[PDB]
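Q: First the structure, which I've put down as structure tokens, then a few questions once you've had a look.
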Amino acid sequence: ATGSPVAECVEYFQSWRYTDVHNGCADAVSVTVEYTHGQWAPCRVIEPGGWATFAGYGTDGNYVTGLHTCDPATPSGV
């Protein structure tokens, strides 16, 4: 309700250099993340209840600040 960055059911946490977005909508949703700079990862689809690792606020990274809902387009869908 309060934090609504993407499909809602997806929830990230910041564990140093690991922004774990755990979805729970029961459906696949594409989520993107906006970093303090941009370590290139602002679009990845989630599996129902799955995760999406994103370069957290590490010194070798940036810091994801906001999640965004992505449209059906994963980087390399083989």
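We label chains A, B, ... in the order they appear in the structure tokens, count residues from 1 in each chain, and number ligands from 1 in the order shown.
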Report as a tab-separated table (two decimals) with N, CA, C and O atoms, in the first residue's frame all protein, DNA and RNA residues lying within 10 Å of residue 40 of chain A, evaluated on only C-alpha atoms, omitting residues in the same chain fewer than 6 positions from it.

A:
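Output (around-v1.tsv):
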```
chain	number	residue	atom	x	y	z
A	33	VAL	N	15.13	-1.54	-11.58
A	33	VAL	CA	15.63	-0.84	-10.42
A	33	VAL	C	16.45	0.36	-10.84
A	33	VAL	O	17.24	0.29	-11.78
A	34	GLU	N	16.26	1.45	-10.13
A	34	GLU	CA	16.94	2.68	-10.46
A	34	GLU	C	18.03	2.93	-9.43
A	34	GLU	O	17.74	3.07	-8.24
A	54	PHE	N	20.23	-7.42	-7.48
A	54	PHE	CA	20.61	-6.15	-8.06
A	54	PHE	C	21.70	-5.54	-7.22
A	54	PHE	O	21.63	-5.59	-6.00
A	55	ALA	N	22.72	-5.03	-7.90
A	55	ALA	CA	23.88	-4.46	-7.23
A	55	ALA	C	23.45	-3.44	-6.20
A	55	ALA	O	23.01	-2.34	-6.54
```

Q: Enumerate as a list in words all residues of chain A assigned to strand (DSSP E or B) by DSSP on the backbone, naming them with the chain letters and numbers the document uses.

A: residues 11, 12, 13, 14, 19, 20, 21, 22, 29, 30, 31, 32, 33, 34, 35, 44, 45, 46, 64, 65, 66, 67, 68 and 69 of chain A

Q: At a cut-off of 9 Å, using only C-alpha atoms, what residues contact segment 12-16 of chain A? Leave out same-chain residues fewer than 2 positions from it and give the result as a PyMOL selection string.

A: chain A and resi 10+18-23+51-52+55-58+63-64+67

Q: Using only C-alpha atoms for the distances, tell me which of A:59, A:30, A:39, A:76 is nearest to residue 5 of chain A.

A: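 Going through A:59, A:30, A:39, A:76 one by one, the smallest distance to residue 5 of chain A is for A:30.
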